[PDB]
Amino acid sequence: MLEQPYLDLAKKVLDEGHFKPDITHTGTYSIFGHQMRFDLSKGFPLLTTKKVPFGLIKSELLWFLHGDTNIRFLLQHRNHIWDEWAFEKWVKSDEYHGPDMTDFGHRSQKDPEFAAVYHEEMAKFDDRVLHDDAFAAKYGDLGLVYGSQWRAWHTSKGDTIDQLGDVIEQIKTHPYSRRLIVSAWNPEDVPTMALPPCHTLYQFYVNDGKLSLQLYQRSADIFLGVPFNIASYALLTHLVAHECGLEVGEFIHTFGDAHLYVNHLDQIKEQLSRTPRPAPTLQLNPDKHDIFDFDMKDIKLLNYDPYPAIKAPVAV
């Protein structure tokens, strides 16, 4: 089946993944160097052995394509994947004058009392960003995240470079280029960042009128992250191919350090006992071609019939 490479990766990590401790104090089982490809003409690689929220994937990817770096857009689409990173800024800023939120991550996980007060200052924060423009501009802006790295790379001369927009033109005028690359890794910023980009760099390739894309992911969470990671890039490949009038090819996903956090074992095993169902189909808007102007309704998934969602804890 289409998603088999994912299940195979999981099994492999359980079979030969050596224990490797990580900063979160949790502990993982990892491997270094792995590659899996997906033939996109066979369907969309959105996992059927577990329910994955495509809406969250669409809204975040579009957020990226717009070159946006402000959470507000996401909150407007009920997407809370990036909230924590912004909330941190708020909590640490001197303008914050409320309950102490020191390491609200594991604390809210190990404390029932805190896991409500924390969930209050957060909802409070999300309200200010959505309504208070001055607040949104100050605390709702992440700064260095995919949207600005892809479309607004800052140069030494003080300008900005639209990597993605440029690369798309190169594909149109020089499809056989072996330099169709986009990097999110900047040696200058990396040491001062809280989370240096996981999806380090990707390359496009064209042959026989078909667009393929390879992604180099330096670190990956087999259970929680990868299911999303695959759909984001399999989707970007379609969008870029839509814009360039090409056919879709393969999505090659390359891993540096792929891992399973020890607290997800039973969950991954449970999923592995499920039998993949036929994959869904993607449907992009034919009358609209500028993918940078795309919006939710311009992308639709058909025939996604997944197994029930599987719950698992986070790693902290």
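In case it trips you up, residue 1 is the first one in the sequence shown, and so on.
Participant: Where do the C-alpha atoms have the higher mean temperature factor in this entry, in 173-181 or in 143-151?
Facilitator: Result of the comparison: 173-181.
Participant: Higher average CA B factor in the deposited record is what I'm after, so tell me if that's 108-116 or 231-239.
Facilitator: Between 108-116 and 231-239, it is 108-116.
Participant: Could you tell me which one of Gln163, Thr102, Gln203, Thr200 shows the highest CA temperature factor in the PDB record?
Facilitator: Within the set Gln163, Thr102, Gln203, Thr200, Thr102 shows the top C-alpha B-factor.
Participant: Of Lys89, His77, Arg218, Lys210, which one's C-alpha B factor is largest in the deposited record?
Facilitator: Of the candidates given, the C-alpha B-factor peaks at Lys89.
Participant: Taking only the Cα B-factors deposited for this chain, tell me whether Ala123 sits in the lowest, middle or highest third.
Facilitator: Tercile = highest for this residue's CA B-factor.
Participant: Compared with the other modelled residues in the chain, in which third is the CA B-factor of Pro196?
Facilitator: Middle third - that is where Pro196 ends up once the chain's C-alpha B-factors are sorted.
Participant: Among all modelled residues of this chain, ranked by Cα B factor, put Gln35 in the bottom, middle or top third, i.e. lowest, middle or highest.
Facilitator: Tercile = lowest for this residue's CA B-factor.
Participant: Report the third (lowest, middle or highest) to which the CA temperature factor of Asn285 belongs, ranking only the modelled residues of the same chain.
Facilitator: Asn285: CA B-factor falls in the highest third of its chain.
Participant: Once the chain's modelled residues are ordered by C-alpha B factor and cut into thirds, is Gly55 in the lowest, middle or highest one?
Facilitator: Its C-alpha B-factor, which the entry lists for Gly55, ranks in the lowest third among residues of this chain.
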